[PDB]
């Protein structure tokens, strides 16, 4: 049973998605050489709780001890904010935010490049966002998720990069993770024909080297097996009658919030 959101549910998800985007807009000017990831997480959690009057879905999730996940360079996902970990020139950094507001979740992440970019870091990030945007342009009633996952994979692999298989996007609303799974690669198991009112995330994790990953002994931090760079972007969307609506769009996105077909 994939849940179908009511109009009221969808407006709540606009609110929550807007707050999650706004955390990312807020944190931008702090993402500078020399800042700790510990400090970035405090700035985020203080903003979520004291200004947005919302809650982080990440905090305490399976015992996770911080409020956002911050994943630098070869860290693929779930990087733990750390007062001792300082950003530096050329770093690529994912900040992943999920807020709960009025009972509903907004989930989004983006890359930041710190200081002076490296060309490869810039390319990896660009192609990862472009794979998300290609997928968003496909979402409409009647399309199969499988076609989307296949398309993401084809695009990323042509650039000589790889798609992480172990993580996927997901349904979302009153639960952080709801059906369906949104694989970013082709699988004979995927057969979900989209309908208006479905809400879910698309969030490909792309490695510059090989697809395999490894979890660290801390129980949280996931890295590329080959220590290649890895990048991720994520939006929360609703399927509309003629396409979709991006609920976590930021000023810096370069795709329209409302995508119509016909």
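Numbering follows the first chain given and starts at 1.
Stretches compared: 118 to 126, 184 to 192. Higher mean C-alpha B-factor in the entry: 184 to 192. Once the C-alpha B-factors are averaged per stretch, 139 to 147 and 70 to 78 rank with 139 to 147 first. Residue-level inspection of the entry shows that, of 106, 90, 169, 175, 175 has the top Cα B-factor. Annotation for 29, 204, 34, 38: 34 ranks highest, by Cα B-factor. Residue-level temperature factors show residue 12 in the highest third of its chain, judged at the C-alpha atom.
Among the modelled residues of its chain, residue 132 has a C-alpha B-factor that falls in the lowest third according to the deposited record. Remark: residue 241 belongs to the highest third of its chain, ranked by C-alpha B-factor as recorded. The entry lists a Cα temperature factor for residue 222 that places it in the middle third of the chain's modelled residues. Ranked by Cα temperature factor within the chain, residue 97 sits in the lowest third according to the deposited record.
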